[PDB]
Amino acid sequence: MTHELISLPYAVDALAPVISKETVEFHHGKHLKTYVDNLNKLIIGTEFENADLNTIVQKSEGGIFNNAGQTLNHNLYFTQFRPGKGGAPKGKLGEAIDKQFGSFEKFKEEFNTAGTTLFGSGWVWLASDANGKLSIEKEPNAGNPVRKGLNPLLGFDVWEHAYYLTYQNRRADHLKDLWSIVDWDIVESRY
């Protein structure tokens, strides 16, 4: 399989100010292109040469995993956002968040805390298991819930390249602002 650099479903300046034009250009246009390019090179000659992306994340190790994990993480990341929304989840997912976390507000707070306290580079993920149970997963570096057999629903990138141009060291502020661009219709569809 020759993995592709996903096409963004909105203009590069669509998520500003929370994710600026410049950040999208570097984050999607350079960092992700690199992860995709590296993944495609490393898998040739291995058992993952013709495997789907999810299988690679589930089974690979080392460099292949680092690039496969990052490719999947970013594909989910850029596709879950849209300008002018945010707000709150509804349907089956909104009801499940209320039941398991207490309320949407409490969920956001625990999620913000998980992302703020993750030391170094990584991702904070809302994931669901086979019985529909929700959990907040802290994933160092290239981690993704698919490695644990879980379904990734919403992931915030806390690698510094995701927010440094606009927020510098203010990661908690960036995380608080991200809720404003989450497209819950797309997230609910993942659940």
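Start at 1 with the first residue shown and count on from there.
- Stretches 53-61 and 150-158 differ in mean CA B factor, with 53-61 having the higher one.
- With 121-129 and 38-46 compared on mean CA B-factor from the PDB entry, the stretch scoring higher is 38-46.
- Among the modelled residues of its chain, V24 has a C-alpha B-factor that falls in the lowest third according to the deposited record.
- Per the deposited record, the Cα B-factor of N112 falls in the middle third when ranked against the other modelled residues of its chain.
- The deposited CA B-factor of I181 belongs to the middle third of values across its chain.
- For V12, the recorded CA temperature factor ranks within the highest third of the chain's modelled residues.
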